[PDB]
Ligand SMILES: O=c1nc2n(c3cccc(Cl)c13)-c1cc(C3CCNCC3)ccc1C21CCCCC1
Ligand SMILES: [Zn+2]
């Protein structure tokens, strides 16, 4: 794979694998969106749905021109989680932590 592809895969794999001090993998709920037929209410509220599987697809298929474009999709995923899920819920808080994990992984891997 090209250098940018390896860097993006390392960044997103770091985010997906991140665990809190209890050993819980925070990305678990964000890997795969519920289907439109099972939870249409999600798609009525969230204009541009995205999950980590879709971000991995966009890295795999060379859709992100820059790390800024990848960051935009990660921040969109976290924005969608905060929009749909209750403030203070574990999912909402986890999405805030993952925004920080992404920024840290990006700085470490891309230098
Ligand atoms: O914003 C999200 N809220 C949610 N999800 C998400 C999945 C991927 C990305 C995002 Cl950004 C989300 C999400 C994902 C699931 C999966 C669907 C596939 N089978 C395993 C479970 C179930 C439920 C959800 C919520 C959280 C709980 C309330 C319903 C919606
Ligand atoms: Zn390729």
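Residue numbers (the UniProt record's numbering): 1380 to 1399, 1418 to 1508.
All C-beta atoms in this analysis are idealised placements derived from N, C-alpha and C, irrespective of residue type, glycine included.
So does residue i have its beta carbon nearer than 7 Å to some heavy atom of ligand 1?
| i | result |
| --- | --- |
| residue 1493 | no |
| residue 1496 | no |
| residue 1478 | yes |
| residue 1394 | no |
| residue 1391 | no |
Determine the contact status of residue i and residue j, defining contact as a CB-CB distance below 8 Å.
| i | j | result |
| --- | --- | --- |
| residue 1489 | residue 1483 | yes |
| residue 1471 | residue 1452 | yes |
| residue 1422 | residue 1396 | yes |
| residue 1448 | residue 1430 | yes |
| residue 1492 | residue 1504 | no |
| residue 1443 | residue 1481 | yes |
| residue 1391 | residue 1456 | yes |
Return yes when at least one heavy atom of ligand 2 lies under 7 Å from the C-beta of residue i, else no.
| i | result |
| --- | --- |
| residue 1446 | no |
| residue 1380 | yes |
Among the options, which has the Cα closest to the Cα of residue i?
| i | options | result |
| --- | --- | --- |
| residue 1381 | 1481, 1459, 1441 and 1424 | 1459 |
| residue 1445 | 1455, 1498 and 1473 | 1473 |
According to DSSP, is residue i part of a helix, a strand, or is it coil?
| i | result |
| --- | --- |
| residue 1422 | strand |
| residue 1398 | strand |
Write down every uninterrupted run of the alpha helix (DSSP H) in the region 1440-1497 whose length is 4 residues or greater and which is fully enclosed by it, in chain order.
-> Segments of the alpha helix (DSSP H) lying fully in the region 1440-1497: 1449-1457 and 1464-1481.
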